[PDB]
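Below: the structure, in structure tokens.
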Amino acid sequence: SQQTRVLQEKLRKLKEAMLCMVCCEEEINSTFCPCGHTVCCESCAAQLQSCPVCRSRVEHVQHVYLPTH
Amino acid sequence: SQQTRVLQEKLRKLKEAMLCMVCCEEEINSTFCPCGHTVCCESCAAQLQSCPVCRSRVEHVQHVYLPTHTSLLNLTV
Ligand SMILES: Cc1csc(NC[C@@H]2CCCO2)n1
Ligand SMILES: [Zn+2]
Ligand SMILES: [Zn+2]
Ligand SMILES: [Zn+2]
Ligand SMILES: [Zn+2]
């Protein structure tokens with residue numbers, strides 16, 4: 001039904017939001033510290049000196065284990 | 001259809017996985033450090049001395065800004 005389509009859309013948007021903002025191919029699993037933006041996969045996060053969202057200096061990258069992984 | 005119910009179930013399980021494992025009422029937004037388990041809201045994470053998943057001691061809690069977060073602001077109309 002049209003309801004099935006609406007639910008398909010919500011699921012797709014949630015899935016897209018889980019992907020890395022830099023490569024768009026891998027699941028997010030890293031956090032920039034101390035700002036806390038959690039927007040990249042480990043490979044893309046490892047290469048950044050500053051946060052791609054807020055420009056704060058990245059002191060370190062913390063790997064995150066999320067229940068949605 | 002039955003597929004509408006299946007999709008409703010998948011969406012419900014994904015939404016439940018985004019809620020705090022301790023209170024079940026607020027979105028996850030905190031990481032236990034150093035273990036890295038990101039399973040609580042800020043209120044439950046502040047009260048735990050050890051991680052509820054792996055029992056590693058919590059040295060500090062890091063707030064996380066996730067692209068999936070929602071608030072009362074996201075309400076339609
Ligand atoms: C709000 C929340 C709790 S767990 C989760 N998973 C979706 C994430 C966003 C970053 C990678 O997937 N979101
Ligand atoms: Zn990436
Ligand atoms: Zn940032
Ligand atoms: Zn909680
Ligand atoms: Zn842990």
Side-chain angles (χ1 to χ4, degrees), chain A residues 3-4 6-69, chain B residues 4-77:
Chain A
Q3 274 195 37
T4 310
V6 170
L7 295 175
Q8 279 168 349
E9 170 180 40
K10 291 183 175 167
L11 279 159
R12 178 188 55 250
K13 289 173 173 182
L14 217 46
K15 288 174 180 181
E16 288 175 5
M18 296 185 298
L19 299 173
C20 179
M21 74 177 277
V22 176
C23 70
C24 311
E25 289 169 30
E26 304 286 341
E27 267 193 310
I28 293 166
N29 62 3
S30 291
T31 293
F32 293 114
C33 303
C35 67
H37 288 112
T38 302
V39 296
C40 287
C41 73
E42 148 201 299
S43 176
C44 297
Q47 305 237 34
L48 301 177
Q49 293 293 322
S50 291
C51 174
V53 175
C54 76
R55 302 186 171 99
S56 290
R57 165 173 283 104
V58 180
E59 284 252 54
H60 79 273
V61 171
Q62 164 76 56
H63 178 93
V64 294
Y65 298 97
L66 294 158
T68 47
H69 279 156
Chain B
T4 308
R5 175 189 54 83
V6 169
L7 295 183
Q8 278 169 350
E9 173 176 344
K10 291 183 175 166
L11 198 48
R12 180 194 41 102
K13 290 172 174 176
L14 211 48
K15 286 174 181 181
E16 289 174 4
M18 300 184 299
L19 298 175
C20 179
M21 74 173 278
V22 177
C23 71
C24 308
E25 287 166 21
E26 302 289 342
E27 280 174 12
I28 291 167
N29 63 3
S30 297
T31 296
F32 293 116
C33 302
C35 68
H37 289 112
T38 302
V39 295
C40 288
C41 73
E42 79 289 343
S43 178
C44 297
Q47 300 180 66
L48 298 176
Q49 291 178 357
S50 64
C51 174
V53 172
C54 77
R55 310 298 184 186
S56 292
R57 185 174 80 256
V58 174
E59 288 179 12
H60 80 274
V61 172
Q62 164 75 54
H63 181 90
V64 297
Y65 295 100
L66 293 162
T68 44
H69 281 152
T70 74
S71 306
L72 300 191
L73 161 75
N74 295 88
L75 90 187
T76 71
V77 175

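Because only heavy atoms are used, hydrogens play no part in the values below, and waters and symmetry mates are left out as well, while side chains stay in. Whatever order the structure lists ligands and atoms in, that order sets their numbers, starting from 1. Just so it is clear: chains get the letters A, B, ... in the order the sequence lines come, proteins before strands, and each one is counted from 1.
For the residue pair B:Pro52 and B:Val39, the shortest heavy atom distance occurs at CG-CG2, 4.1 Å.
At most 12 heavy atoms of other shown residues, nucleotides or ligands fall within 6.0 angstrom of atom CZ in A:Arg57. Applying the 6.0 Å contact sphere to CD of A:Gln3 captures no more than 12 heavy atoms from other residues, nucleotides or ligands.
Here the side chains of A:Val61 and A:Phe32 are in contact, with some heavy-atom distance below 4.5 Å.
Atoms OG1 and CG, from B:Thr31 and B:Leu66 in turn, are 7.5 Å apart once rounded to the nearest 0.5 Å. To the nearest 0.5 Å, atom SG of residue A:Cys35 and atom CD of residue B:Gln62 are 7.5 Å apart. Atom-to-atom distance recorded for B:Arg55:CZ and B:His37:NE2 is 11.5 Å, nearest 0.5 angstrom.
Between the SG atom of B:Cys35 and the SG atom of B:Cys51, the angle taken at the Zn ion (ligand 5) works out to 110° after rounding to 10°.
Looking at B:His37 and the Zn ion (ligand 5) together, the shortest N, O or S contact belongs to ND1.
Less than 2.8 Å away from the Zn ion (ligand 4), the protein contributes these N/O/S atoms: B:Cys20 SG, B:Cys23 SG, B:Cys41 SG, B:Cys44 SG.
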